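Novice: Below you will find the structure I want to go over with you.
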Amino acid sequence: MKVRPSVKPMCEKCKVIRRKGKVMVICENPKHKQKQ
Amino acid sequence: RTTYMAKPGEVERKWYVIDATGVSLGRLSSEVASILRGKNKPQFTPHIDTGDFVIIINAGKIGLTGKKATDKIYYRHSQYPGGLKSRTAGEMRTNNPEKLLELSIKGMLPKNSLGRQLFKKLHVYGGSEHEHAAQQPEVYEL
Amino acid sequence: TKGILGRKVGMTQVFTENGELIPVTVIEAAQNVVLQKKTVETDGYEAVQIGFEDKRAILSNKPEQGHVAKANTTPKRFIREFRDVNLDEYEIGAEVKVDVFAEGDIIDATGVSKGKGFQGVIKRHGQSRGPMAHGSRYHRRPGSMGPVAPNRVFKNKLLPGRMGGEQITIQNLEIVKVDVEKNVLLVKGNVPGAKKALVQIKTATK
Amino acid sequence: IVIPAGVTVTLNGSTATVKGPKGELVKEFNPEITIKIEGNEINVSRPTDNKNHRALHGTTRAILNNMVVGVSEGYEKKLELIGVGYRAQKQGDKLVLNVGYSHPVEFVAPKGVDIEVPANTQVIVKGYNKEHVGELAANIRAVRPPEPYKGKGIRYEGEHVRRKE
RNA sequence: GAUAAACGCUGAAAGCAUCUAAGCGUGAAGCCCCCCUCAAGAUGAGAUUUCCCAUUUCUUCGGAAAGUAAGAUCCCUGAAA
RNA sequence: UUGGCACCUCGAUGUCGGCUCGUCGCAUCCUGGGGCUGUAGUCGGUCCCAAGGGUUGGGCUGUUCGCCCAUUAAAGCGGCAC
Ligand SMILES: CCC[C@@H]1C[C@@H](C(=O)N[C@@H]([C@H]2O[C@H](SC)[C@H](O)[C@@H](O)[C@H]2O)[C@@H](C)O)N(C)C1
Ligand SMILES: [Mg+2]
Ligand SMILES: [Mg+2]
Ligand SMILES: [Mg+2]
Ligand SMILES: [Mg+2]
Ligand SMILES: [Mg+2]
Ligand SMILES: [Mg+2]
Ligand SMILES: [Mg+2]
Ligand SMILES: [Mg+2]
Ligand SMILES: [Mg+2]
Ligand SMILES: [Mg+2]
Ligand SMILES: [Mg+2]
Ligand SMILES: [Mg+2]
Ligand SMILES: [Zn+2]
């Protein structure tokens, strides 16, 4: 998981979602998991 | 001069029973504080205690808006170093609702010897049954 | 969960069948009677009240005599409650013998520790002395009472004061021997209190 | 939503009960969201148009559909053990997995789910309540999830595991 | 027992997808229990068992004082304190 | 921290290091849980949760600091009139 204030798609497969009022991107590529 | 002043035991103090089911914890508490203080009687005298006795039933069903059930924290400090204990309003509404309502109303009473006497006139029950039937309590609406 | 009241007689040692040598406390537990059963209906909790040692009449008052008359027994020196027991066991006035335990039973021993009177922080709290030489004028003293900022001393600054005579529970002592005709338990190791001290032996909570 | 033969969808205030051949379900929905019964067909009524209601609407539909199809033909999640010495046994009501641990790992299915094991290398989880099937199947996969290096462990039968060196 | 990070199930909003919005689970030496000790001056002064009983003279009145009960103390012999 | 300012104290607010006694924060040194890995395994790296407890004895120097010896699961960093 990357935890950073700047969370944004790193490839075309990256999806930006919100869980529990936290912006995150989920992706097939696990390196691209990000939580804000 | 001539302004009336209530004497101790002059004004008839009545027993009221109030269902807490659904009412915001404050809102219930603010109305009850006024009844205990006697603010609803023209005989109101600031130094005397002309108020009524209040039984609250169903305190377990008391309302907590927003995320207050998880996010409203009640703190106690033992006065020992690092002796701060915390409880959520939610946990306290489940396990110790009598405590939850007493904390809420105590904060809205005068902070003095008379305020401490007024608090003794409050009876809180989690459920629907009190044991004060002898006092012939009259239902009160908010 | 079984329980009994005894007096600490003293310590000795026994050779095991193995050949090992173990220290034991001898607890004499004669004259334990069941005096009262507390129920949830009457008292709010389950407990059996056991009276231990027989006491001369002139040492007992009318309130005491009236309480042991219900159990058809004489006044008792020590009365203690046991919780976590099965009330179906225990009839009122029934003796409680040391054979409620068996060799190998793991017990908790509860008693009042020996009285050391007024004691300093070195003996009472195991604090360190200051240096004894190199110009030191600080030997058996409590250390700084605390920082400056809070213009007061926090509420567990350990200081001199009365030392023992506290209730203490030693957990998980093995019963090594039970002698019913002598009303004696042998417990491996030591239990709190001087010789002649009340000891409450009950089944290990763990 | 279409009701198949044998299914009796009833409604008691806000809570729906759906008793069928395979089993029987009881699920409490949000009041304001009202659901209409008919001899063959079911439609859900979204009263107002607020974010809350737009959502609940699609859910009450989806869950009711799931419930009904749940008591009709039912739900089968299928798992596939990979790796040397990975085997599942079925002894009574206990699914006993040997998946490389020093101890064996055992599972007792709840009220309504059944764990039949055709081959030792594969497991199948039958039930009517789809979430109860989902959870048990996940819990069994959770014991040894697929590892990326040799693909060993418990996977779902269609699952696509990422692979490394 | 309930949770953190996290992992999921079911699942729409958004015919897909999605751990989340409704709804279920997993999940820390941490939180609350469990363990040990103090604790009803907890003036909110709790409970149980047992004991003593309704005395005398005054006080218009309310109450007062003066012998006692159960029980405790003074005093004395002491230590396990 | 190095500083700036000069607002309290010059009819006195004792100033470094150590000893004794700690207590608090968490930006976590160890132990617990976890995501990613250029994670085969054993070791690691990095980030997230976590402050319950724990966190050594010596040589040199007044030292703090630091270097060194030998350990340790670890030899945390800070505040409390340094
Ligand atoms: C860098 C120092 C700063 C100043 C220090 C302090 C002071 O003057 N201390 C006095 C002290 O002398 C004795 S201690 C021997 C006294 O007992 C004590 O009370 C006290 O007066 C002396 C050391 O100079 N001032 C207020 C500020
Ligand atoms: Mg002594
Ligand atoms: Mg030392
Ligand atoms: Mg000296
Ligand atoms: Mg102060
Ligand atoms: Mg999904
Ligand atoms: Mg759990
Ligand atoms: Mg441990
Ligand atoms: Mg100036
Ligand atoms: Mg001065
Ligand atoms: Mg942190
Ligand atoms: Mg030197
Ligand atoms: Mg200093
Ligand atoms: Zn991506």
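Within each chain, counting starts at residue 1; across the structure tokens, chains are named A, B, ... in the order shown, with ligands numbered 1 upward in that order.
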What lies within 9 Å of range 59-73 of chain E using only C-alpha atoms (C1' of nucleotides), ignoring chain neighbours under 5 positions off, as a ChimeraX atom specification?
Specialist: /C:61-63 /E:51-53
Novice: Within 9 Å of residue 6 in chain C, counting only C-alpha atoms (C1' of nucleotides), which residues show up once you throw out same-chain ones fewer than 2 positions away? Write them as number ranges by chain, please.
Specialist: C: 4, 8-9, 27-30, 32, 52-53, 184-185, 196-201
Novice: Suppose we keep N, CA and C atoms; can you now write the selection as a PDB file, in the first residue's frame?
Specialist:
ATOM      1  N   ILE C   4     -11.193 -24.630  51.896  1.00  0.00           N
ATOM      2  CA  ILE C   4     -11.138 -24.910  53.357  1.00  0.00           C
ATOM      3  C   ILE C   4     -10.307 -23.828  54.052  1.00  0.00           C
ATOM      4  N   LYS C   8      -1.673 -21.994  59.497  1.00  0.00           N
ATOM      5  CA  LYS C   8      -0.261 -22.302  59.162  1.00  0.00           C
ATOM      6  C   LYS C   8       0.408 -22.845  60.422  1.00  0.00           C
ATOM      7  N   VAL C   9       0.829 -24.102  60.403  1.00  0.00           N
ATOM      8  CA  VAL C   9       1.560 -24.731  61.535  1.00  0.00           C
ATOM      9  C   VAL C   9       3.040 -24.378  61.401  1.00  0.00           C
ATOM     10  N   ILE C  27      -0.542 -27.143  56.860  1.00  0.00           N
ATOM     11  CA  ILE C  27      -1.797 -26.422  57.206  1.00  0.00           C
ATOM     12  C   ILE C  27      -2.673 -27.384  58.001  1.00  0.00           C
ATOM     13  N   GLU C  28      -2.968 -27.058  59.256  1.00  0.00           N
ATOM     14  CA  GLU C  28      -3.933 -27.824  60.079  1.00  0.00           C
ATOM     15  C   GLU C  28      -5.309 -27.192  59.862  1.00  0.00           C
ATOM     16  N   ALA C  29      -6.290 -27.991  59.433  1.00  0.00           N
ATOM     17  CA  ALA C  29      -7.646 -27.517  59.079  1.00  0.00           C
ATOM     18  C   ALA C  29      -8.698 -28.419  59.726  1.00  0.00           C
ATOM     19  N   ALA C  30      -8.709 -28.459  61.059  1.00  0.00           N
ATOM     20  CA  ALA C  30      -9.740 -29.144  61.867  1.00  0.00           C
ATOM     21  C   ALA C  30     -10.879 -28.166  62.171  1.00  0.00           C
ATOM     22  N   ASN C  32     -13.734 -27.185  60.422  1.00  0.00           N
ATOM     23  CA  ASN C  32     -14.405 -26.359  59.388  1.00  0.00           C
ATOM     24  C   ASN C  32     -15.855 -26.838  59.302  1.00  0.00           C
ATOM     25  N   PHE C  52     -14.317 -21.732  60.769  1.00  0.00           N
ATOM     26  CA  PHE C  52     -13.115 -22.561  61.017  1.00  0.00           C
ATOM     27  C   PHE C  52     -13.086 -22.956  62.497  1.00  0.00           C
ATOM     28  N   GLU C  53     -12.254 -22.357  63.338  1.00  0.00           N
ATOM     29  CA  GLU C  53     -11.786 -23.011  64.595  1.00  0.00           C
ATOM     30  C   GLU C  53     -12.778 -22.758  65.739  1.00  0.00           C
ATOM     31  N   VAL C 184      -4.623 -32.474  58.261  1.00  0.00           N
ATOM     32  CA  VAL C 184      -3.414 -31.764  57.766  1.00  0.00           C
ATOM     33  C   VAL C 184      -3.378 -31.819  56.235  1.00  0.00           C
ATOM     34  N   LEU C 185      -3.095 -30.680  55.610  1.00  0.00           N
ATOM     35  CA  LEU C 185      -2.653 -30.556  54.201  1.00  0.00           C
ATOM     36  C   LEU C 185      -1.164 -30.226  54.217  1.00  0.00           C
ATOM     37  N   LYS C 196       0.600 -19.882  62.938  1.00  0.00           N
ATOM     38  CA  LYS C 196      -0.750 -19.754  63.547  1.00  0.00           C
ATOM     39  C   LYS C 196      -1.657 -18.866  62.685  1.00  0.00           C
ATOM     40  N   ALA C 197      -1.219 -18.461  61.494  1.00  0.00           N
ATOM     41  CA  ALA C 197      -1.967 -17.525  60.628  1.00  0.00           C
ATOM     42  C   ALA C 197      -3.098 -18.285  59.928  1.00  0.00           C
ATOM     43  N   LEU C 198      -4.271 -17.662  59.815  1.00  0.00           N
ATOM     44  CA  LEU C 198      -5.375 -18.160  58.961  1.00  0.00           C
ATOM     45  C   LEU C 198      -4.862 -18.253  57.529  1.00  0.00           C
ATOM     46  N   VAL C 199      -5.097 -19.390  56.885  1.00  0.00           N
ATOM     47  CA  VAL C 199      -4.808 -19.600  55.442  1.00  0.00           C
ATOM     48  C   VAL C 199      -6.093 -20.133  54.826  1.00  0.00           C
ATOM     49  N   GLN C 200      -6.531 -19.508  53.746  1.00  0.00           N
ATOM     50  CA  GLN C 200      -7.722 -19.916  52.973  1.00  0.00           C
ATOM     51  C   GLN C 200      -7.205 -20.703  51.773  1.00  0.00           C
ATOM     52  N   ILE C 201      -7.410 -22.021  51.744  1.00  0.00           N
ATOM     53  CA  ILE C 201      -6.986 -22.893  50.611  1.00  0.00           C
ATOM     54  C   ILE C 201      -8.202 -23.136  49.726  1.00  0.00           C
TER      55      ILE C 201
END
Novice: Report as a tab-separated table: every residue of chain A with an atom at most 12 Å from chain E, its closest pair of atoms, and their distance in Å to one decimal, counting only C-alpha atoms (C1' of nucleotides), with rows sorted by chain and ascending residue number.
Specialist:
residue	atom	partner	partner_atom	distance
A:1	CA	E:6	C1'	10.1
A:3	CA	E:5	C1'	11.8
A:13	CA	E:17	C1'	11.7
A:15	CA	E:18	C1'	9.2
A:16	CA	E:18	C1'	10.0
A:17	CA	E:18	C1'	7.8
A:18	CA	E:20	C1'	8.9
A:19	CA	E:20	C1'	6.7
A:20	CA	E:20	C1'	7.4
A:21	CA	E:20	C1'	10.0
A:22	CA	E:20	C1'	11.6
A:24	CA	E:18	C1'	11.8
A:25	CA	E:18	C1'	11.1
A:26	CA	E:18	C1'	9.4
A:27	CA	E:18	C1'	11.3
A:35	CA	E:5	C1'	11.9
Novice: Residues as selected, N, CA and C atoms, written as a PDB file, in the first residue's frame, can you do that?
Specialist:
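Produced file again.pdb, reproduced below:
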ATOM      1  N   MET A   1       0.860  -1.214   0.000  1.00  0.00           N
ATOM      2  CA  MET A   1       0.000   0.000   0.000  1.00  0.00           C
ATOM      3  C   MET A   1       0.883   1.246   0.000  1.00  0.00           C
ATOM      4  N   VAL A   3       0.689   5.064   1.014  1.00  0.00           N
ATOM      5  CA  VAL A   3      -0.127   5.996   1.763  1.00  0.00           C
ATOM      6  C   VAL A   3       0.455   7.383   1.548  1.00  0.00           C
ATOM      7  N   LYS A  13      -5.692   0.899 -15.776  1.00  0.00           N
ATOM      8  CA  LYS A  13      -6.484  -0.060 -15.021  1.00  0.00           C
ATOM      9  C   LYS A  13      -6.833   0.473 -13.629  1.00  0.00           C
ATOM     10  N   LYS A  15      -8.435   2.233 -10.683  1.00  0.00           N
ATOM     11  CA  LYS A  15      -9.749   2.787 -10.383  1.00  0.00           C
ATOM     12  C   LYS A  15      -9.683   3.572  -9.076  1.00  0.00           C
ATOM     13  N   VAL A  16     -10.179   4.811  -9.089  1.00  0.00           N
ATOM     14  CA  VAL A  16     -10.264   5.611  -7.880  1.00  0.00           C
ATOM     15  C   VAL A  16     -11.606   5.343  -7.208  1.00  0.00           C
ATOM     16  N   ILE A  17     -11.571   4.981  -5.921  1.00  0.00           N
ATOM     17  CA  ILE A  17     -12.779   4.701  -5.161  1.00  0.00           C
ATOM     18  C   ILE A  17     -12.700   5.427  -3.824  1.00  0.00           C
ATOM     19  N   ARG A  18     -13.760   5.303  -3.018  1.00  0.00           N
ATOM     20  CA  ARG A  18     -13.776   5.841  -1.670  1.00  0.00           C
ATOM     21  C   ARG A  18     -14.310   4.782  -0.713  1.00  0.00           C
ATOM     22  N   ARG A  19     -13.535   4.472   0.327  1.00  0.00           N
ATOM     23  CA  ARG A  19     -13.995   3.598   1.392  1.00  0.00           C
ATOM     24  C   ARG A  19     -13.812   4.285   2.739  1.00  0.00           C
ATOM     25  N   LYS A  20     -14.916   4.448   3.473  1.00  0.00           N
ATOM     26  CA  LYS A  20     -14.871   5.006   4.814  1.00  0.00           C
ATOM     27  C   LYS A  20     -14.314   6.424   4.749  1.00  0.00           C
ATOM     28  N   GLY A  21     -14.790   7.185   3.761  1.00  0.00           N
ATOM     29  CA  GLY A  21     -14.363   8.557   3.560  1.00  0.00           C
ATOM     30  C   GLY A  21     -12.867   8.697   3.283  1.00  0.00           C
ATOM     31  N   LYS A  22     -12.249   7.668   2.694  1.00  0.00           N
ATOM     32  CA  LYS A  22     -10.855   7.754   2.287  1.00  0.00           C
ATOM     33  C   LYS A  22     -10.772   7.485   0.791  1.00  0.00           C
ATOM     34  N   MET A  24      -8.989   6.223  -2.428  1.00  0.00           N
ATOM     35  CA  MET A  24      -7.971   5.226  -2.698  1.00  0.00           C
ATOM     36  C   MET A  24      -8.037   4.825  -4.158  1.00  0.00           C
ATOM     37  N   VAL A  25      -6.937   4.276  -4.674  1.00  0.00           N
ATOM     38  CA  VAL A  25      -7.016   3.649  -5.975  1.00  0.00           C
ATOM     39  C   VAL A  25      -6.727   2.171  -5.794  1.00  0.00           C
ATOM     40  N   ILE A  26      -7.577   1.358  -6.420  1.00  0.00           N
ATOM     41  CA  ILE A  26      -7.385  -0.078  -6.492  1.00  0.00           C
ATOM     42  C   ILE A  26      -7.031  -0.408  -7.933  1.00  0.00           C
ATOM     43  N   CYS A  27      -6.252  -1.473  -8.113  1.00  0.00           N
ATOM     44  CA  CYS A  27      -5.725  -1.820  -9.418  1.00  0.00           C
ATOM     45  C   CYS A  27      -5.318  -3.287  -9.416  1.00  0.00           C
ATOM     46  N   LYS A  35      -3.732   4.663  -0.778  1.00  0.00           N
ATOM     47  CA  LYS A  35      -4.736   5.233   0.092  1.00  0.00           C
ATOM     48  C   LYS A  35      -4.266   6.637   0.451  1.00  0.00           C
TER      49      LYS A  35
END
Novice: Excluding range 128-143 of chain D and any residue of its chain fewer than 5 positions from it, enumerate the residues within 6 Å of it, using only C-alpha atoms (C1' of nucleotides), and give them as an MDAnalysis selection string.
Specialist: (chainID D and resid 70:71 74:75 154) or (chainID E and resid 9:10)
Novice: Please, which residues of range 70-112 of chain B, numbered as in this document, come out strand (DSSP E or B) from DSSP, as a count of residues only?
Specialist: 10
Novice: Which residues, written as a ChimeraX atom specification, have at least one atom at most 8 Å from range 105-114 of chain B, with only C-alpha atoms (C1' of nucleotides) counted and residues fewer than 2 positions away on the same chain left out?
Specialist: /B:29-30,32-33,37,47-49,101-103,116-119
Novice: Limited to C-alpha atoms, could you put the picked residues into a file as a PDB file, in the first residue's frame?
Specialist:
ATOM      1  CA  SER B  29     -31.585  16.656  29.385  1.00  0.00           C
ATOM      2  CA  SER B  30     -32.130  20.440  28.834  1.00  0.00           C
ATOM      3  CA  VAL B  32     -35.369  17.873  32.566  1.00  0.00           C
ATOM      4  CA  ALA B  33     -32.763  20.320  34.028  1.00  0.00           C
ATOM      5  CA  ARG B  37     -34.539  23.593  38.848  1.00  0.00           C
ATOM      6  CA  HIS B  47     -31.789  30.075  46.325  1.00  0.00           C
ATOM      7  CA  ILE B  48     -34.550  27.590  47.405  1.00  0.00           C
ATOM      8  CA  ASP B  49     -35.366  24.508  45.208  1.00  0.00           C
ATOM      9  CA  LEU B 101     -28.265  10.517  31.313  1.00  0.00           C
ATOM     10  CA  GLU B 102     -26.913  11.478  34.776  1.00  0.00           C
ATOM     11  CA  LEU B 103     -23.671  12.811  33.153  1.00  0.00           C
ATOM     12  CA  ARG B 116     -25.974  18.845  43.916  1.00  0.00           C
ATOM     13  CA  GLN B 117     -29.335  18.669  45.810  1.00  0.00           C
ATOM     14  CA  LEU B 118     -31.265  18.986  42.460  1.00  0.00           C
ATOM     15  CA  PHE B 119     -29.303  16.002  41.022  1.00  0.00           C
TER      16      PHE B 119
END
Novice: What are the residues of chain E that have an atom within 6 Å of an atom of chain C, counting only C-alpha atoms (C1' of nucleotides), as number ranges by chain?
Specialist: E: 48, 50-51, 80
Novice: Grab the residues selected above and save them as a PDB file, in the first residue's frame with N, CA and C atoms (P, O5', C5', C4', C3', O3' and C1' of nucleotides).
Specialist:
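And here is the file that came out, out.pdb:
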ATOM      1  P     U E  48     -31.024  -7.536  52.794  1.00  0.00           P
ATOM      2  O5'   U E  48     -30.085  -8.777  53.190  1.00  0.00           O
ATOM      3  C5'   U E  48     -30.112  -9.963  52.367  1.00  0.00           C
ATOM      4  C4'   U E  48     -29.195 -10.995  52.970  1.00  0.00           C
ATOM      5  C3'   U E  48     -29.490 -11.397  54.418  1.00  0.00           C
ATOM      6  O3'   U E  48     -30.493 -12.402  54.426  1.00  0.00           O
ATOM      7  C1'   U E  48     -27.188 -10.927  54.180  1.00  0.00           C
ATOM      8  P     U E  50     -31.386 -14.990  60.801  1.00  0.00           P
ATOM      9  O5'   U E  50     -30.497 -14.585  62.074  1.00  0.00           O
ATOM     10  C5'   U E  50     -29.789 -15.621  62.782  1.00  0.00           C
ATOM     11  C4'   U E  50     -28.891 -14.976  63.802  1.00  0.00           C
ATOM     12  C3'   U E  50     -29.598 -14.125  64.855  1.00  0.00           C
ATOM     13  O3'   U E  50     -30.097 -14.985  65.865  1.00  0.00           O
ATOM     14  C1'   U E  50     -27.694 -12.985  64.049  1.00  0.00           C
ATOM     15  P     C E  51     -31.291 -14.318  66.706  1.00  0.00           P
ATOM     16  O5'   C E  51     -30.501 -13.203  67.547  1.00  0.00           O
ATOM     17  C5'   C E  51     -29.737 -13.637  68.689  1.00  0.00           C
ATOM     18  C4'   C E  51     -29.131 -12.435  69.361  1.00  0.00           C
ATOM     19  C3'   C E  51     -30.128 -11.519  70.068  1.00  0.00           C
ATOM     20  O3'   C E  51     -30.408 -12.077  71.343  1.00  0.00           O
ATOM     21  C1'   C E  51     -28.583 -10.239  68.802  1.00  0.00           C
ATOM     22  P     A E  80       5.128 -13.356  68.697  1.00  0.00           P
ATOM     23  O5'   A E  80       4.682 -12.659  67.322  1.00  0.00           O
ATOM     24  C5'   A E  80       5.053 -13.265  66.066  1.00  0.00           C
ATOM     25  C4'   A E  80       3.923 -13.079  65.088  1.00  0.00           C
ATOM     26  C3'   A E  80       3.244 -11.702  65.091  1.00  0.00           C
ATOM     27  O3'   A E  80       2.735 -11.374  63.801  1.00  0.00           O
ATOM     28  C1'   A E  80       1.670 -13.351  65.612  1.00  0.00           C
TER      29        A E  80
END
Novice: Could you list, as a PDB file with N, CA and C atoms, in the first residue's frame, all residues that come within 7 Å of ligand 14? Count only C-alpha atoms (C1' of nucleotides) and all ligand atoms.
Specialist:
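As a result, result25.pdb now contains:
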ATOM      1  N   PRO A   9      -4.438   7.741 -10.349  1.00  0.00           N
ATOM      2  CA  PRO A   9      -4.195   6.602 -11.234  1.00  0.00           C
ATOM      3  C   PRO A   9      -2.780   6.561 -11.789  1.00  0.00           C
ATOM      4  N   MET A  10      -2.174   5.374 -11.733  1.00  0.00           N
ATOM      5  CA  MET A  10      -0.811   5.174 -12.187  1.00  0.00           C
ATOM      6  C   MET A  10      -0.809   4.425 -13.516  1.00  0.00           C
ATOM      7  N   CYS A  11      -1.950   3.820 -13.865  1.00  0.00           N
ATOM      8  CA  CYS A  11      -2.138   3.225 -15.177  1.00  0.00           C
ATOM      9  C   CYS A  11      -3.623   3.269 -15.530  1.00  0.00           C
ATOM     10  N   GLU A  12      -3.964   2.774 -16.722  1.00  0.00           N
ATOM     11  CA  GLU A  12      -5.325   2.838 -17.230  1.00  0.00           C
ATOM     12  C   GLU A  12      -6.252   1.933 -16.417  1.00  0.00           C
ATOM     13  N   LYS A  13      -5.692   0.899 -15.776  1.00  0.00           N
ATOM     14  CA  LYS A  13      -6.484  -0.060 -15.021  1.00  0.00           C
ATOM     15  C   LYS A  13      -6.833   0.473 -13.629  1.00  0.00           C
ATOM     16  N   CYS A  14      -6.041   1.428 -13.125  1.00  0.00           N
ATOM     17  CA  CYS A  14      -6.282   2.041 -11.827  1.00  0.00           C
ATOM     18  C   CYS A  14      -7.696   2.619 -11.733  1.00  0.00           C
ATOM     19  N   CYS A  27      -6.252  -1.473  -8.113  1.00  0.00           N
ATOM     20  CA  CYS A  27      -5.725  -1.820  -9.418  1.00  0.00           C
ATOM     21  C   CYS A  27      -5.318  -3.287  -9.416  1.00  0.00           C
ATOM     22  N   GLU A  28      -5.359  -3.900 -10.604  1.00  0.00           N
ATOM     23  CA  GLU A  28      -4.870  -5.253 -10.797  1.00  0.00           C
ATOM     24  C   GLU A  28      -3.413  -5.320 -10.342  1.00  0.00           C
ATOM     25  N   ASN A  29      -2.643  -4.283 -10.685  1.00  0.00           N
ATOM     26  CA  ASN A  29      -1.247  -4.188 -10.297  1.00  0.00           C
ATOM     27  C   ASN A  29      -1.174  -3.787  -8.826  1.00  0.00           C
ATOM     28  N   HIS A  32       0.069  -0.514  -7.358  1.00  0.00           N
ATOM     29  CA  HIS A  32      -0.679   0.710  -7.570  1.00  0.00           C
ATOM     30  C   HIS A  32      -1.708   0.947  -6.471  1.00  0.00           C
TER      31      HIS A  32
END
Novice: Tell me which protein, DNA and RNA residues are within 8 Å of range 84-93 of chain B, counting only C-alpha atoms (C1' of nucleotides), leaving out same-chain ones fewer than 3 positions away, and put them as a JSON list (two decimals) with N, CA, C and O atoms, in the first residue's frame.
Specialist:
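The file below, out_28.json, is the result:
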[["chain", "number", "residue", "atom", "x", "y", "z"],
["B", 59, "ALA", "N", -34.21, 4.77, 29.27],
["B", 59, "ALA", "CA", -33.00, 5.57, 28.98],
["B", 59, "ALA", "C", -32.12, 4.84, 27.97],
["B", 59, "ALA", "O", -31.27, 5.50, 27.35],
["B", 60, "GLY", "N", -32.31, 3.52, 27.83],
["B", 60, "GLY", "CA", -31.54, 2.70, 26.88],
["B", 60, "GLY", "C", -31.89, 3.05, 25.45],
["B", 60, "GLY", "O", -31.07, 2.79, 24.56],
["B", 61, "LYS", "N", -33.08, 3.63, 25.23],
["B", 61, "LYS", "CA", -33.61, 3.98, 23.89],
["B", 61, "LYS", "C", -33.33, 5.46, 23.58],
["B", 61, "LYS", "O", -33.85, 5.95, 22.57],
["B", 62, "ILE", "N", -32.54, 6.14, 24.41],
["B", 62, "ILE", "CA", -32.23, 7.59, 24.23],
["B", 62, "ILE", "C", -31.57, 7.78, 22.86],
["B", 62, "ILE", "O", -30.85, 6.87, 22.42],
["B", 68, "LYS", "N", -22.39, 10.08, 16.98],
["B", 68, "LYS", "CA", -22.15, 10.31, 18.42],
["B", 68, "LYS", "C", -22.01, 8.98, 19.16],
["B", 68, "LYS", "O", -21.26, 8.96, 20.15],
["B", 69, "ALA", "N", -22.71, 7.93, 18.73],
["B", 69, "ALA", "CA", -22.70, 6.61, 19.42],
["B", 69, "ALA", "C", -21.28, 6.04, 19.46],
["B", 69, "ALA", "O", -20.94, 5.37, 20.45],
["B", 70, "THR", "N", -20.46, 6.33, 18.45],
["B", 70, "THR", "CA", -19.08, 5.80, 18.35],
["B", 70, "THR", "C", -18.05, 6.90, 18.65],
["B", 70, "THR", "O", -16.93, 6.54, 19.08],
["B", 71, "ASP", "N", -18.41, 8.17, 18.44],
["B", 71, "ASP", "CA", -17.42, 9.27, 18.40],
["B", 71, "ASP", "C", -17.54, 10.18, 19.63],
["B", 71, "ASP", "O", -16.55, 10.87, 19.91],
["B", 72, "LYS", "N", -18.68, 10.21, 20.32],
["B", 72, "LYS", "CA", -18.81, 10.98, 21.58],
["B", 72, "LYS", "C", -18.13, 10.17, 22.69],
["B", 72, "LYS", "O", -18.66, 9.12, 23.07],
["B", 73, "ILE", "N", -16.98, 10.65, 23.17],
["B", 73, "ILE", "CA", -16.17, 9.97, 24.22],
["B", 73, "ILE", "C", -16.44, 10.66, 25.55],
["B", 73, "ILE", "O", -16.40, 11.90, 25.60],
["B", 74, "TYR", "N", -16.72, 9.88, 26.58],
["B", 74, "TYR", "CA", -16.76, 10.32, 27.99],
["B", 74, "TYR", "C", -15.46, 9.91, 28.68],
["B", 74, "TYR", "O", -15.12, 8.72, 28.68],
["B", 75, "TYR", "N", -14.75, 10.89, 29.24],
["B", 75, "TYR", "CA", -13.43, 10.74, 29.89],
["B", 75, "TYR", "C", -13.59, 10.78, 31.40],
["B", 75, "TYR", "O", -14.44, 11.51, 31.91],
["B", 76, "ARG", "N", -12.79, 9.99, 32.10],
["B", 76, "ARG", "CA", -12.62, 10.07, 33.57],
["B", 76, "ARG", "C", -11.12, 10.08, 33.84],
["B", 76, "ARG", "O", -10.39, 9.33, 33.16],
["B", 77, "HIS", "N", -10.67, 10.88, 34.79],
["B", 77, "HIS", "CA", -9.26, 10.82, 35.24],
["B", 77, "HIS", "C", -9.26, 10.46, 36.72],
["B", 77, "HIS", "O", -10.01, 11.07, 37.48],
["B", 78, "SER", "N", -8.47, 9.47, 37.10],
["B", 78, "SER", "CA", -8.41, 8.95, 38.49],
["B", 78, "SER", "C", -7.60, 9.90, 39.38],
["B", 78, "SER", "O", -7.72, 9.79, 40.61],
["B", 96, "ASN", "N", -24.55, 1.21, 30.57],
["B", 96, "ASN", "CA", -24.78, 2.09, 31.74],
["B", 96, "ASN", "C", -25.60, 3.31, 31.33],
["B", 96, "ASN", "O", -25.10, 4.44, 31.46],
["B", 97, "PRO", "N", -26.84, 3.16, 30.84],
["B", 97, "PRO", "CA", -27.59, 4.31, 30.34],
["B", 97, "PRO", "C", -27.94, 5.27, 31.48],
["B", 97, "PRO", "O", -27.89, 6.46, 31.26],
["B", 99, "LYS", "N", -26.12, 6.07, 33.81],
["B", 99, "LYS", "CA", -24.90, 6.89, 33.96],
["B", 99, "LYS", "C", -24.89, 7.95, 32.85],
["B", 99, "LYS", "O", -24.68, 9.14, 33.17],
["B", 100, "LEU", "N", -25.14, 7.55, 31.60],
["B", 100, "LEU", "CA", -25.13, 8.46, 30.42],
["B", 100, "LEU", "C", -26.05, 9.66, 30.68],
["B", 100, "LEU", "O", -25.60, 10.81, 30.46]]
Novice: Quick one: residues within 9 Å of range 23-31 of chain E, only C-alpha atoms (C1' of nucleotides), excluding same-chain residues fewer than 3 positions away - as a list in words?
Specialist: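 Near range 23-31 of chain E, the qualifying residues are residues 131, 132, 135 and 139 of chain D; 2, 3, 4, 6, 7, 8, 9, 10 and 11 of chain E; 31, 32, 33, 49, 50, 51, 52 and 53 of chain F.
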